[PDB]
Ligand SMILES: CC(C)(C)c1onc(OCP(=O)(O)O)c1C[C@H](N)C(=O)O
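Before any questions on how it binds or moves, here is one chain, the form deposited without the ligand, in structure tokens.
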């Protein structure tokens, strides 16, 4: 049986090729996770089909219905066999799906226009002239919602009631908001994404300060999957071969335009 892989359009992980109109199947896409999926499929020896998650979300459980959405939802309800994307390994998700060891280590970071007078999370929490937010339905937002750290809790109290909303639907919208806000909007996002964008023209953004936390992305499978064990060993094998480091260079700096 062909393995149904659920993923999400997020540069440089999964993107449609410039000439995708004349292409079909998995060939329509390119990126870090597209290469990784190919690598995994080869070592575990299976055929697969890349599918973009219907609702474009990573995965969160509805507090009222208790229903999981996003890529996590597709695994939980059996719509997909494996998720290969920048999906954060978290406690709540670990309880409903399985994750391989991390294929990438990262942390929450700050993105500023450039020239913006901000160097740390503390700086953001001390003023109100510069607004800041995060993505929606993701591990980053949940981080600030649960944090007990003075600075982070103070930041959340602001973002929670901020008017208008400082939360964005996609990373692309976040970066776009930073760029057109005259340095009046800062964006909190995963370090890996921050670094990628900083190397993209108009080269007008920059990551500042150290990461606020440490986490990792993992390949996810439903609980009780015959692929979980194998995929986990594949990820470790790949990291040890240097393939994962080979791939990050290829999509982050080899294609850098700054």
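Numbering follows the first chain given and starts at 1. Rigid core here is just the name for the largest C-alpha set that superposes within 1.5 Å across the two forms.
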After fitting on the rigid core, which stretch moves more in 4 other deposited structures of this protein, 94-102 or 143-151, going by C-alpha RMS?
143-151
Name the stretch, 33-41 or 219-227, whose C-alpha atoms sit farther from the shown form on average in 4 other deposited structures of this protein, taking the rigid core as the superposition reference.
219-227
Mean Cα B-factor check, 231-239 vs 245-253, entry values; winner is 245-253
Can you tell me which stretch has the higher mean Cα B-factor, 161-169 or 74-82?
161-169
From the entry's CA B-factor values, the highest among 116, 90, 181, 109 is 181
Say you rank 191, 69, 51, 199 by Cα B-factor from the PDB entry; which sits at the top?
199
Record-listed C-alpha B factor of residue 22: chain third
highest
Could you look up the Cα B-factor of residue 44 in the entry and say which third of the chain it sits in: lowest, middle or highest?
highest
Quick one: classify residue 154 as lowest, middle or highest third of the chain based on its Cα B-factor.
highest
Could you say whether, by C-alpha temperature factor, residue 224 belongs to the lowest, middle or highest third of its chain?
highest
Residue 212: CA temperature factor from the record, placed by chain third, in the middle
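From this point on, the text means the form solved in complex with the ligand, which you will not see here.
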Take the ligand as it is posed in the bound PDB entry, superpose the C-alphas around its site onto the chain shown here, and state whether the site is open or blocked, counting it as blocked when 3 or more ligand atoms lie within 2.4 Å of a backbone or C-beta atom.
blocked
Mind checking whether each of 137, 140 and 190 has a heavy atom within 4.5 Å of the ligand in the bound PDB entry?
yes
4.5 angstroms heavy atom contact with the ligand in the bound PDB entry for residue 217
yes
Hey, in the bound PDB entry, is residue 80 touching the ligand, heavy atoms inside 4.5 Å?
no
Contact label in the bound PDB entry: residue 87 to the ligand, heavy atom within 4.5 Å:
yes
Counting only heavy atoms and a 4.5 Å cutoff, which of 192-200, 43-51, 221-229, 23-31 contacts the ligand in the bound PDB entry?
192-200
